[PDB]
Each structure stands twice: as structure tokens, then as C-alpha cells.
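Next come the chains, spelled out residue by residue.
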Amino acid sequence: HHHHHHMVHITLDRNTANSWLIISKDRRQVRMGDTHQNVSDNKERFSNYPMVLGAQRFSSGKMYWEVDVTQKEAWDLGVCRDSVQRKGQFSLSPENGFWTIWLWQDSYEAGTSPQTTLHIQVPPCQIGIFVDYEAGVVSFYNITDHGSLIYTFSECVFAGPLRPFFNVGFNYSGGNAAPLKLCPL
Ligand SMILES: CS(=O)(=O)Cc1nc2ccccc2[nH]1
């Protein structure tokens, strides 16, 4: 692809993080902690899942960023509306204000309702995410496989400002402790 010139510097917003998460000092990495991280509760925090938002809000233009997923067994990535539900159980779908892909149990899927099987021959170690606000597009790229297309959501109805969205996943297996990292430009 040729989206690299729309690169944006994303940072994580601590205040939105599930209380288990550890965000690095530079706000560019996040991982699962092995306990509650000794923060107060607030209405922004995702309660049920190991999720966090980027600080940046987008309401126009073209935006691109990359995320390192090396050695993780489970994660979700994409964008979401600023006003998505934070508390309780919910599915990742455009109806609920999410445009995401995930890895779970050795398969990759797009967060449509119902979910869509992805066809990835080279397991990615870094994912590129492109948003075209005006066009209503969110696309995902396999940086490990020379930028090949993973998935395009088109005819998106964003219906609000967008935020970068992250889920580091659960670590029930002991094999999913590795962080999500925002890769340098
Ligand atoms: C099973 S676990 O992944 O190793 C620890 C954990 N349990 C959680 C419950 C809710 C949100 C995040 C959570 N992290």
C-alpha cells in the first residue's frame, strides 16, 4: 500500500484503561499486569476486558498507524467511536461502534456481525491500520507480508469522533503476556 505518508503518532490514554493494564511511561506500549494496578475506578475504564483507547480523536482526514503484536496468542485492534460502551459485556461490531480485527485460538477474524474469517498465510508481527474518515473506510495491512491487505470495512457509518482501539487479550494460558506496542514512524 501507499498510506504510510498519513502516519500519525498515537499515544495510549491511561484513564480509559482496564485497571489490570500497565501502560509504559512513553504511552506507546501496553501489557496485561498479573493483578489490579492500584488505580481509582472511573466511568471511562473498560471493566470486563483488557481494553484501552488512544488519546487522539479523529473526525476528518486520512490516518495511518502500526502496532506490534509479536508472540501474542490473542488481541483485538482497530478504531471505535468515542462513545462506545465501557461497562459490562458487549460484542465488537459496527452496530456497537467498533471497526476491528482479532486473533483468537489460532484464527484471524474481522469484527463484523457475525464475524468474518480472514485469510492470512504469513502470521503478522506488525499490523497497519488506515482510516479514511470521509470515505467511510477502515483497512488493515500485514506489515510482515510486504503490506498485503488483510481486511477493508467500507460504507462505515462512524457517527462520531473515532479513537484508536486496543485489546491486549486475556492471559489464562500464560502464553499471551507480551505487549501491544505502537511502532515508530
Ligand atoms: C485471566 S487474565 O487475563 O490472566 C487476568 C485478567 N482478568 C481480567 C478480567 C477482566 C478484565 C481484565 C482481566 N485480566
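To keep things clear, this report deals only with the structure shown in the data block.

Observations regarding the side chain of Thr-16
Locating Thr-16 in the fold gives a position in the segment before strand 1 (21–23). At 2.8 Å, the side chain of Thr-16 and the backbone oxygen of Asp-13 are in polar contact. Not counting chain neighbours up to four residues away, the residues in contact with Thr-16 comprise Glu-44, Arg-45, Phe-46, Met-51, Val-52, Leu-53, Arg-86 and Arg-163.

Things to note about the nonpolar core
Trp-65, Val-67, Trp-75, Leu-77, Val-138, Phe-166 and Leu-180 are the most contacted members of the largest nonpolar core, which has 38 residues in total. Formed by 11 residues, the second largest nonpolar core is a distinct cluster that contains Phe-46, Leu-53, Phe-98 and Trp-102.

Some words on unusual backbone geometry
The omega angle of the peptide bond from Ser-113 to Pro-114 is 0 degrees, so this bond is cis rather than trans. Looking at the element boundaries, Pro-114 is found in the loop between strand 7 (107–110) and strand 8 (116–117). Here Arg-27, not a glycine, exhibits a phi torsion of approximately 60 degrees, which is positive. With respect to the secondary-structure elements, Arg-27 resides in the loop between strand 1 and strand 2 (29–32). The exposure class assigned to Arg-27 is partly exposed, which follows from its relative accessible area of 30%. Of note, the phi angle at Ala-159 is positive, near 65 degrees, even though the residue is not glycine. Following the sequence through the fold, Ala-159 ends up in the loop between strand 11 (148–153) and strand 12 (162–167). Given a relative accessible area of 63%, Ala-159 falls into the exposed group.

With respect to the layout of surface pockets
Considered as a void within the structure, the largest pocket measures approximately 390 Å³ in volume. Those elements giving two or more residues to the lining of the largest pocket turn out to be strand 5 (75–81) and strand 6 (98–104). For the lining of the largest pocket, the leading source of residues is strand 6, giving 3 residues. When its residues are assigned to classes, the lining of the largest pocket shows 12 nonpolar, 8 polar and 1 charged. Estimates place the volume of the second largest pocket at around 180 Å³. Lining the second largest pocket are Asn-18, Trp-20, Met-32, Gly-33, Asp-34, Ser-47, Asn-48, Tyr-49, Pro-50, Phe-170, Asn-171 and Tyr-172.

Thresholds applied
- Residues numbered from 1 in each chain as written, not as in the entry; some residues may be left out.
- Heavy atoms only, no water.
- Residues with missing side-chain atoms left out of burial classes, pairs and counts.
- Helix = DSSP H or I, 4+ residues; strand = E, 2+ residues; numbered from the N terminus.
- Polar contact = N/O pair within 3.5 Å; in protein donor to acceptor, adjacent residues only side chain to side chain.
- Contact = heavy atoms within 4.5 Å.
- Core = buried A, V, L, I, M, F, W, Y, C linked by side-chain atoms within 4.5 Å.
- Buried < 20%, exposed > 50% of the residue type's maximum accessible area, 1.4 Å probe, protein only.
- 1 Å grid on protein atoms, 1.4 Å probe; cavity = no way out; pocket = protein on both sides within 12 Å on 5 of 7 lines; lining within 4 Å.
- Points joined across faces, edges and corners; volume = space filled by probe spheres on them.
- Nonpolar A, V, L, I, M, F, W, Y, C, P; charged D, E, K, R; others polar.

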